[PDB]
>>> print(open('start_3.cif').read())   # mmCIF, C-alpha atoms and all ligand atoms
data_model
#
loop_
_atom_site.group_PDB
_atom_site.id
_atom_site.type_symbol
_atom_site.label_atom_id
_atom_site.label_comp_id
_atom_site.auth_asym_id
_atom_site.auth_seq_id
_atom_site.Cartn_x
_atom_site.Cartn_y
_atom_site.Cartn_z
ATOM 1 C CA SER A 42 -52.257 -66.768 17.452
ATOM 2 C CA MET A 43 -50.079 -65.090 14.833
ATOM 3 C CA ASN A 44 -53.077 -64.914 12.472
ATOM 4 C CA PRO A 45 -56.133 -62.745 13.169
ATOM 5 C CA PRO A 46 -59.663 -64.059 12.838
ATOM 6 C CA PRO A 47 -60.739 -63.717 9.209
ATOM 7 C CA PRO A 48 -62.751 -60.647 8.198
ATOM 8 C CA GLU A 49 -66.482 -60.813 8.793
ATOM 9 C CA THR A 50 -68.499 -61.969 5.794
ATOM 10 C CA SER A 51 -72.095 -62.011 7.082
ATOM 11 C CA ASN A 52 -74.160 -58.853 7.689
ATOM 12 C CA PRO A 53 -77.135 -60.304 9.574
ATOM 13 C CA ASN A 54 -79.186 -57.123 10.084
ATOM 14 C CA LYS A 55 -78.606 -55.601 6.645
ATOM 15 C CA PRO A 56 -81.521 -56.056 4.198
ATOM 16 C CA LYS A 57 -80.725 -58.078 1.103
ATOM 17 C CA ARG A 58 -80.847 -56.078 -2.112
ATOM 18 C CA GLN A 59 -79.300 -56.560 -5.515
ATOM 19 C CA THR A 60 -77.792 -53.855 -7.633
ATOM 20 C CA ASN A 61 -76.572 -53.967 -11.230
ATOM 21 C CA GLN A 62 -73.082 -53.123 -10.053
ATOM 22 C CA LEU A 63 -73.003 -55.796 -7.342
ATOM 23 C CA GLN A 64 -74.201 -58.371 -9.889
ATOM 24 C CA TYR A 65 -71.350 -57.289 -12.143
ATOM 25 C CA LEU A 66 -68.825 -57.437 -9.302
ATOM 26 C CA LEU A 67 -69.786 -61.024 -8.472
ATOM 27 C CA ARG A 68 -70.578 -62.520 -11.873
ATOM 28 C CA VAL A 69 -67.934 -60.699 -13.957
ATOM 29 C CA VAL A 70 -65.169 -59.267 -11.751
ATOM 30 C CA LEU A 71 -64.842 -61.818 -8.953
ATOM 31 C CA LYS A 72 -65.590 -64.768 -11.217
ATOM 32 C CA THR A 73 -62.889 -63.764 -13.727
ATOM 33 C CA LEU A 74 -60.213 -63.242 -11.075
ATOM 34 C CA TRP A 75 -61.208 -66.342 -9.079
ATOM 35 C CA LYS A 76 -60.626 -68.622 -12.076
ATOM 36 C CA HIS A 77 -57.352 -66.985 -13.148
ATOM 37 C CA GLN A 78 -54.218 -69.128 -13.126
ATOM 38 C CA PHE A 79 -52.636 -66.736 -10.592
ATOM 39 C CA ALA A 80 -55.572 -66.572 -8.150
ATOM 40 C CA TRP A 81 -54.266 -69.062 -5.593
ATOM 41 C CA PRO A 82 -52.142 -66.773 -3.319
ATOM 42 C CA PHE A 83 -55.206 -64.542 -3.012
ATOM 43 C CA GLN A 84 -58.106 -66.978 -2.492
ATOM 44 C CA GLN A 85 -57.845 -67.061 1.321
ATOM 45 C CA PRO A 86 -56.348 -64.991 4.149
ATOM 46 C CA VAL A 87 -52.567 -64.927 4.360
ATOM 47 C CA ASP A 88 -51.480 -67.618 6.819
ATOM 48 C CA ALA A 89 -48.467 -65.951 8.436
ATOM 49 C CA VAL A 90 -47.643 -69.139 10.366
ATOM 50 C CA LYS A 91 -47.467 -71.537 7.427
ATOM 51 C CA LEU A 92 -45.807 -68.922 5.197
ATOM 52 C CA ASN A 93 -43.340 -67.871 7.938
ATOM 53 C CA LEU A 94 -44.234 -64.183 7.649
ATOM 54 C CA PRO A 95 -44.156 -63.335 11.382
ATOM 55 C CA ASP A 96 -44.291 -59.571 10.747
ATOM 56 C CA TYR A 97 -47.084 -59.719 8.158
ATOM 57 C CA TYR A 98 -49.869 -58.617 10.464
ATOM 58 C CA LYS A 99 -47.534 -56.016 11.990
ATOM 59 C CA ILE A 100 -47.282 -54.263 8.607
ATOM 60 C CA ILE A 101 -50.737 -55.095 7.202
ATOM 61 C CA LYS A 102 -53.406 -53.376 9.284
ATOM 62 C CA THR A 103 -56.393 -54.307 7.055
ATOM 63 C CA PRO A 104 -56.107 -57.921 5.862
ATOM 64 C CA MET A 105 -58.062 -58.705 2.711
ATOM 65 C CA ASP A 106 -58.335 -61.580 0.262
ATOM 66 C CA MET A 107 -60.594 -62.807 -2.535
ATOM 67 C CA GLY A 108 -62.102 -65.632 -0.456
ATOM 68 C CA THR A 109 -63.445 -62.983 1.903
ATOM 69 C CA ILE A 110 -64.627 -60.838 -1.022
ATOM 70 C CA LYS A 111 -66.349 -63.825 -2.630
ATOM 71 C CA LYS A 112 -68.188 -64.669 0.592
ATOM 72 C CA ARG A 113 -69.147 -61.028 1.124
ATOM 73 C CA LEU A 114 -70.646 -60.828 -2.371
ATOM 74 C CA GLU A 115 -72.408 -64.198 -1.989
ATOM 75 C CA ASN A 116 -73.848 -63.057 1.360
ATOM 76 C CA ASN A 117 -74.848 -59.583 0.089
ATOM 77 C CA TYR A 118 -72.576 -58.119 2.784
ATOM 78 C CA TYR A 119 -71.768 -54.948 0.830
ATOM 79 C CA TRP A 120 -74.190 -52.039 0.780
ATOM 80 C CA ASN A 121 -72.679 -50.767 -2.475
ATOM 81 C CA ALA A 122 -70.201 -51.638 -5.196
ATOM 82 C CA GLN A 123 -67.605 -49.144 -3.987
ATOM 83 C CA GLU A 124 -67.096 -51.051 -0.727
ATOM 84 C CA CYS A 125 -66.272 -54.144 -2.748
ATOM 85 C CA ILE A 126 -63.925 -52.229 -5.064
ATOM 86 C CA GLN A 127 -62.196 -50.877 -1.942
ATOM 87 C CA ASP A 128 -61.638 -54.422 -0.664
ATOM 88 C CA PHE A 129 -59.995 -55.441 -3.956
ATOM 89 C CA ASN A 130 -57.803 -52.322 -3.787
ATOM 90 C CA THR A 131 -56.832 -53.132 -0.189
ATOM 91 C CA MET A 132 -55.881 -56.702 -1.150
ATOM 92 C CA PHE A 133 -53.549 -55.430 -3.875
ATOM 93 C CA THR A 134 -52.129 -52.641 -1.693
ATOM 94 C CA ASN A 135 -51.288 -55.157 1.040
ATOM 95 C CA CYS A 136 -49.341 -57.267 -1.436
ATOM 96 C CA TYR A 137 -47.409 -54.294 -2.834
ATOM 97 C CA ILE A 138 -46.453 -52.726 0.492
ATOM 98 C CA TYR A 139 -45.378 -55.990 2.182
ATOM 99 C CA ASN A 140 -43.555 -58.036 -0.477
ATOM 100 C CA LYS A 141 -40.445 -57.112 -2.417
ATOM 101 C CA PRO A 142 -41.238 -55.568 -5.841
ATOM 102 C CA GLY A 143 -39.594 -58.476 -7.657
ATOM 103 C CA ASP A 144 -41.425 -61.208 -5.740
ATOM 104 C CA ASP A 145 -43.377 -63.605 -7.974
ATOM 105 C CA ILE A 146 -46.379 -62.979 -5.699
ATOM 106 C CA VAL A 147 -46.248 -59.269 -6.607
ATOM 107 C CA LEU A 148 -45.998 -60.075 -10.314
ATOM 108 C CA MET A 149 -49.044 -62.336 -9.965
ATOM 109 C CA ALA A 150 -50.982 -59.609 -8.156
ATOM 110 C CA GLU A 151 -50.128 -57.134 -10.919
ATOM 111 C CA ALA A 152 -51.597 -59.447 -13.557
ATOM 112 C CA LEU A 153 -54.777 -59.840 -11.498
ATOM 113 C CA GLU A 154 -54.986 -56.118 -10.828
ATOM 114 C CA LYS A 155 -54.758 -55.306 -14.541
ATOM 115 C CA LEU A 156 -57.678 -57.654 -15.192
ATOM 116 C CA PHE A 157 -59.587 -56.155 -12.249
ATOM 117 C CA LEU A 158 -59.074 -52.628 -13.600
ATOM 118 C CA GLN A 159 -60.084 -53.658 -17.111
ATOM 119 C CA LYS A 160 -63.337 -55.093 -15.770
ATOM 120 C CA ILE A 161 -64.009 -52.152 -13.414
ATOM 121 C CA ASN A 162 -63.623 -49.672 -16.265
ATOM 122 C CA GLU A 163 -66.777 -51.314 -17.720
ATOM 123 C CA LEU A 164 -68.788 -51.248 -14.491
ATOM 124 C CA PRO A 165 -72.411 -50.441 -15.424
ATOM 125 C CA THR A 166 -74.111 -47.365 -14.028
HETATM 126 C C1 LIG B 201 -51.047 -62.430 -0.569
HETATM 127 N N1 LIG B 201 -49.864 -63.260 -0.344
HETATM 128 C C2 LIG B 201 -49.952 -64.620 -0.473
HETATM 129 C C3 LIG B 201 -48.897 -65.457 -0.289
HETATM 130 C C4 LIG B 201 -49.078 -66.919 -0.473
HETATM 131 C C5 LIG B 201 -48.079 -67.707 -1.044
HETATM 132 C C6 LIG B 201 -48.290 -69.056 -1.276
HETATM 133 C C7 LIG B 201 -49.503 -69.656 -0.940
HETATM 134 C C8 LIG B 201 -49.814 -71.097 -1.203
HETATM 135 O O1 LIG B 201 -50.964 -71.517 -1.142
HETATM 136 N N2 LIG B 201 -48.783 -71.858 -1.624
HETATM 137 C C9 LIG B 201 -48.882 -73.162 -2.166
HETATM 138 C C10 LIG B 201 -48.731 -73.318 -3.543
HETATM 139 C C11 LIG B 201 -48.734 -74.594 -4.112
HETATM 140 C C12 LIG B 201 -48.500 -74.757 -5.568
HETATM 141 C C13 LIG B 201 -48.921 -73.778 -6.467
HETATM 142 C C14 LIG B 201 -48.631 -73.884 -7.816
HETATM 143 C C15 LIG B 201 -47.932 -74.972 -8.296
HETATM 144 C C16 LIG B 201 -47.514 -75.956 -7.423
HETATM 145 C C17 LIG B 201 -47.794 -75.854 -6.069
HETATM 146 C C18 LIG B 201 -48.925 -75.695 -3.279
HETATM 147 C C19 LIG B 201 -49.099 -75.537 -1.918
HETATM 148 C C20 LIG B 201 -49.078 -74.271 -1.328
HETATM 149 N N3 LIG B 201 -49.233 -74.125 0.033
HETATM 150 C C21 LIG B 201 -50.496 -68.871 -0.365
HETATM 151 C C22 LIG B 201 -50.286 -67.523 -0.133
HETATM 152 C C23 LIG B 201 -47.630 -64.846 0.075
HETATM 153 C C24 LIG B 201 -46.328 -65.362 0.333
HETATM 154 C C25 LIG B 201 -45.516 -64.292 0.590
HETATM 155 N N4 LIG B 201 -46.251 -63.144 0.505
HETATM 156 C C26 LIG B 201 -47.553 -63.449 0.185
HETATM 157 C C27 LIG B 201 -48.669 -62.596 -0.022
HETATM 158 O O2 LIG B 201 -48.648 -61.371 0.060
#
>>> encode(input="start_3.cif", output="structure tokens")
Amino acid sequence: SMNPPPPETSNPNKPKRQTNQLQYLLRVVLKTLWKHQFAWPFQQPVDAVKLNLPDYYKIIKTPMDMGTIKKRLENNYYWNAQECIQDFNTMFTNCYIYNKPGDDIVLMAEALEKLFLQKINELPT
């Protein structure tokens, strides 16, 4: 179909291990953004069919969304905090390169990104 399969969220042969930073990314970063009033465009993969964005997956080579990130954190998919930070960055990049700068969706992403950056600047060592 027009939409790809969603990104993988389970890492079956990776050992499960906590880190301080991954705890922070789930319990502080993801939780804060997930509950934000503007989270809803970002809580699941973009549905190009329902949104009538037939070129979305032409332009966006690496789909990413917070529902995927949440599942990855809850499944201990990431080997390190930087992979998770990269996924957040990719999500925001996708929004900014696809949508018009004045789109309400872009303005919502910018508010979430500011909060993301504020929390990441306090990432523990
Ligand atoms: C990342 N992203 C997401 C969306 C998007 C937009 C809308 C939705 C969505 O769930 N839309 C929706 C909102 C309400 C709603 C929200 C607030 C108040 C009232 C009603 C209801 C139903 C639906 N389907 C998802 C996703 C999008 C649209 C154009 N470009 C992008 C983009 O880059």
>>> resolve_selection(input="start_3.cif", expression="the PyMOL selection byres (((chain A and resi 77) around 12) and not hetatm)", output="NGL selection string")
:A and (70-76 or 78-84 or 107 or 149-150 or 152-154 or 156-157)
>>> closest_residue(input="start_3.cif", among="A:44, A:50, A:162, A:135", to="residue 101 (chain A)", atoms="only C-alpha atoms")
A:135
>>> residues_around(input="start_3.cif", residues="region 52-62 of chain A", least_positions_apart="3", cutoff="6 Å", atoms="all atoms listed in the file", output="count of residues only")
3
>>> closest_atom_pairs(input="start_3.cif", of="chain A", to="ligand LIG 201 (chain B)", cutoff="12 Å", atoms="all atoms listed in the file", output="tab-separated table")
residue	atom	partner	partner_atom	distance
A:78	CA	B:LIG201	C14	9.1
A:79	CA	B:LIG201	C14	8.7
A:80	CA	B:LIG201	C21	9.6
A:81	CA	B:LIG201	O1	6.1
A:82	CA	B:LIG201	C22	3.8
A:83	CA	B:LIG201	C1	5.3
A:84	CA	B:LIG201	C21	8.1
A:85	CA	B:LIG201	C22	7.7
A:86	CA	B:LIG201	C1	7.5
A:87	CA	B:LIG201	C2	5.5
A:88	CA	B:LIG201	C22	7.1
A:89	CA	B:LIG201	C24	8.4
A:90	CA	B:LIG201	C24	10.8
A:91	CA	B:LIG201	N3	8.0
A:92	CA	B:LIG201	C24	6.1
A:93	CA	B:LIG201	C25	8.5
A:94	CA	B:LIG201	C25	7.2
A:95	CA	B:LIG201	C25	10.9
A:96	CA	B:LIG201	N4	11.0
A:97	CA	B:LIG201	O2	8.4
A:98	CA	B:LIG201	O2	10.8
A:100	CA	B:LIG201	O2	11.2
A:101	CA	B:LIG201	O2	9.7
A:104	CA	B:LIG201	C1	9.3
A:105	CA	B:LIG201	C1	8.6
A:106	CA	B:LIG201	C1	7.4
A:107	CA	B:LIG201	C1	9.8
A:108	CA	B:LIG201	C1	11.5
A:129	CA	B:LIG201	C1	11.8
A:131	CA	B:LIG201	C1	11.0
A:132	CA	B:LIG201	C1	7.5
A:133	CA	B:LIG201	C1	8.1
A:134	CA	B:LIG201	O2	9.6
A:135	CA	B:LIG201	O2	6.8
A:136	CA	B:LIG201	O2	4.4
A:137	CA	B:LIG201	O2	7.7
A:138	CA	B:LIG201	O2	8.9
A:139	CA	B:LIG201	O2	6.6
A:140	CA	B:LIG201	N4	5.9
A:141	CA	B:LIG201	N4	8.9
A:142	CA	B:LIG201	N4	11.1
A:143	CA	B:LIG201	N4	11.5
A:144	CA	B:LIG201	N4	8.1
A:145	CA	B:LIG201	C25	8.9
A:146	CA	B:LIG201	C26	6.0
A:147	CA	B:LIG201	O2	7.4
A:148	CA	B:LIG201	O2	10.8
A:149	CA	B:LIG201	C1	9.6
A:150	CA	B:LIG201	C1	8.1
A:151	CA	B:LIG201	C1	11.7
A:153	CA	B:LIG201	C1	11.8
>>> closest_residue(input="start_3.cif", among="A:123, A:42, A:51, A:103", to="residue 66 (chain A)", atoms="all atoms listed in the file")
A:123
>>> atom_distance(input="start_3.cif", atom1="CA of residue 99 (chain A)", atom2="CA of residue 119 (chain A)")
26.7 Å
>>> atom_distance(input="start_3.cif", atom1="CA of residue 69 (chain A)", atom2="CA of residue 120 (chain A)")
18.2 Å
>>> closest_residue(input="start_3.cif", among="A:121, A:159, A:116, A:130", to="residue 63 (chain A)", atoms="all atoms listed in the file")
A:121
>>> atom_distance(input="start_3.cif", atom1="CA of residue 113 (chain A)", atom2="CA of residue 125 (chain A)")
8.4 Å
>>> build_atoms(input="start_3.cif", residues="region 106-128 of chain A", atoms="N, CA and C atoms", output="compact mmCIF listing (two decimals), keeping the file's coordinate frame")
# COMPACT_ATOMS: atom_id res chain seq x y z
N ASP A 106 -58.60 -60.50 1.20
CA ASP A 106 -58.34 -61.58 0.26
C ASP A 106 -59.61 -61.84 -0.53
N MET A 107 -59.45 -62.56 -1.65
CA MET A 107 -60.59 -62.81 -2.54
C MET A 107 -61.58 -63.82 -1.96
N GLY A 108 -61.14 -64.74 -1.10
CA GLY A 108 -62.10 -65.63 -0.46
C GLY A 108 -63.09 -64.86 0.39
N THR A 109 -62.59 -63.88 1.14
CA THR A 109 -63.44 -62.98 1.90
C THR A 109 -64.37 -62.19 0.99
N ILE A 110 -63.82 -61.63 -0.09
CA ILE A 110 -64.63 -60.84 -1.02
C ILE A 110 -65.73 -61.69 -1.63
N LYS A 111 -65.37 -62.91 -2.04
CA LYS A 111 -66.35 -63.82 -2.63
C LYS A 111 -67.49 -64.11 -1.66
N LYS A 112 -67.15 -64.42 -0.40
CA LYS A 112 -68.19 -64.67 0.59
C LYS A 112 -69.03 -63.43 0.83
N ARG A 113 -68.39 -62.26 0.93
CA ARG A 113 -69.15 -61.03 1.12
C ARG A 113 -70.15 -60.81 -0.01
N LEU A 114 -69.71 -60.99 -1.26
CA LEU A 114 -70.65 -60.83 -2.37
C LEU A 114 -71.77 -61.86 -2.32
N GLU A 115 -71.42 -63.12 -2.02
CA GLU A 115 -72.41 -64.20 -1.99
C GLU A 115 -73.36 -64.07 -0.81
N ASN A 116 -72.99 -63.31 0.20
CA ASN A 116 -73.85 -63.06 1.36
C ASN A 116 -74.50 -61.68 1.30
N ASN A 117 -74.30 -60.93 0.21
CA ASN A 117 -74.85 -59.58 0.09
C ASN A 117 -74.41 -58.69 1.25
N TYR A 118 -73.14 -58.85 1.65
CA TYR A 118 -72.58 -58.12 2.78
C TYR A 118 -72.43 -56.63 2.46
N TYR A 119 -72.08 -56.32 1.22
CA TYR A 119 -71.77 -54.95 0.83
C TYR A 119 -73.04 -54.17 0.55
N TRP A 120 -73.10 -52.95 1.08
CA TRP A 120 -74.19 -52.04 0.78
C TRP A 120 -74.06 -51.42 -0.60
N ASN A 121 -72.86 -51.37 -1.16
CA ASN A 121 -72.68 -50.77 -2.48
C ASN A 121 -71.42 -51.32 -3.13
N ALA A 122 -71.31 -51.09 -4.43
CA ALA A 122 -70.20 -51.64 -5.20
C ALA A 122 -68.87 -51.05 -4.77
N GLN A 123 -68.86 -49.78 -4.35
CA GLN A 123 -67.60 -49.14 -3.99
C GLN A 123 -66.95 -49.82 -2.79
N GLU A 124 -67.73 -50.34 -1.84
CA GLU A 124 -67.10 -51.05 -0.73
C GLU A 124 -66.35 -52.28 -1.23
N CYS A 125 -66.92 -52.96 -2.22
CA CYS A 125 -66.27 -54.14 -2.75
C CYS A 125 -65.01 -53.77 -3.53
N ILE A 126 -65.10 -52.73 -4.36
CA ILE A 126 -63.92 -52.23 -5.06
C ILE A 126 -62.82 -51.87 -4.07
N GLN A 127 -63.19 -51.22 -2.96
CA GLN A 127 -62.20 -50.88 -1.94
C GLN A 127 -61.50 -52.12 -1.39
N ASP A 128 -62.26 -53.19 -1.16
CA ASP A 128 -61.64 -54.42 -0.66
C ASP A 128 -60.63 -54.99 -1.67
